[PDB]
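The form deposited in one PDB entry is given below as one chain in structure tokens.
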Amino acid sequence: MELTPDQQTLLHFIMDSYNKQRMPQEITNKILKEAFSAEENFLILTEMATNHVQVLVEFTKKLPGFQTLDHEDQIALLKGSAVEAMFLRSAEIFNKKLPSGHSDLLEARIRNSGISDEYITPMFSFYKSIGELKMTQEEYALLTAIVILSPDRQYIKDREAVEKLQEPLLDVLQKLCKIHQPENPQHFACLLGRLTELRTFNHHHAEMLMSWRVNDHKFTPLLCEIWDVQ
């Protein structure tokens, strides 16, 4: 049931890399402090997402065996997972405990950010669903690593090589679910289930951004590569 020394090593290594991300408080403090216009909010999103992608590439490069993979497959994994990892990180930030009334203001500020109503409902549905899972930081880190090392991504030439890298992370996550939540034996299945709902955010991500109540949708050259916009 317990983690082996090799698994404990893997977990702490993944945790240290995951911890290099912009702190959730640095994000919520800005949104909660002042109400910004839809124009200012689009620029905040774009800057946030550019920092997220940069840190995500550095996290991905540290994943055991990632640099042994074929160069084209490395690109396909990063490009295939960037949007999903972004929404998983936003779901983590959204569900962090804040003082009484702060989370309600946060949801209200995100609701009036400039995004269309059509996309608000499924976004908060996912955020609430992941929040009900009461995930630990280790679970978010491993789940992000599992999302990145998905062998079923399009344009992957060597799926087996990706499978070999994802399998020990899946084993570690399963053990943690059994340790953190022995009451809920469905917890691991629930986590893996939430990964299919993450995939739905891919199909209409570009439409989500273009529907923003702003005159000009300016993206950085890095976001254009990752989001297929402009």
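Each residue number is its position in the shown sequence, starting from 1. We call the rigid core whatever largest set of C-alpha positions still superposes within 1.5 Å between the two forms.
S.K.: Determine, for stretches 132-140 and 95-103, which one has the higher mean CA B-factor as deposited.
M.R.: That would be 95-103.
S.K.: Mean CA B-factor: is it higher for 79-87 or for 123-131?
M.R.: Per the PDB entry, the higher value belongs to 123-131.
S.K.: Sorting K61, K178, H205, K164 by Cα temperature factor from the record, which one lands on top?
M.R.: Highest CA B-factor of the listed options: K178.
S.K.: Out of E47, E26, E40, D171, whose C-alpha atom has the biggest B factor in the entry?
M.R.: Answer, based on the entry's C-alpha B-factors: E26.
S.K.: Hey, what third does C190 fall into on Cα B-factor, ranked over its chain?
M.R.: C190: CA B-factor falls in the highest third of its chain.
S.K.: Taking only the Cα B-factors deposited for this chain, tell me whether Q67 sits in the lowest, middle or highest third.
M.R.: Within its chain, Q67 is a middle-third residue by C-alpha B-factor, going by the deposited values.
S.K.: Per the entry's values, where does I110 land by CA temperature factor relative to the rest of its chain, in the lowest, middle or highest third?
M.R.: For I110, whose C-alpha B-factor we compare with every modelled residue in the chain, the answer is the middle third.
S.K.: Give the position of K33 by CA B-factor within its chain, expressed as the lowest, middle or highest third.
M.R.: Answer is highest: the recorded C-alpha B-factor places it there.
S.K.: Thinking about Cα B factors across the chain, which third does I14 belong to?
M.R.: Tercile = lowest for this residue's CA B-factor.
Below, we refer to the form deposited in another entry, which is not included among the displayed structures.
S.K.: Would you tell me if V57 moves between the shown form and the other one by 2 Å or more at its C-alpha, with the rigid core held superposed?
M.R.: No; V57 is a residue whose C-alpha shifts by less than 2 Å between the shown form and the other one when the cores are overlaid.
S.K.: Rigid core aligned, does the Cα position of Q137 differ by 2 Å or more between the shown form and the other one?
M.R.: It does not, since the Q137 C-alpha is displaced less than 2 Å between the shown form and the other one after the core fit.
S.K.: Would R109 count as moving between the shown form and the other one, using a Cα shift of 2 angstroms or more after superposing the core as the test?
M.R.: Comparing forms between the shown form and the other one, the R109 CA shifts at least 2 Å.
S.K.: Since the C-alpha distance between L98 and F87 changes by 3 Å or more in the other entry, give its direction relative to the shown form: closer or farther.
M.R.: Pair moves closer in the other entry.
S.K.: Given a CA distance change of at least 3 Å, are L98 and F201 closer or farther in the other entry?
M.R.: So the answer is closer.
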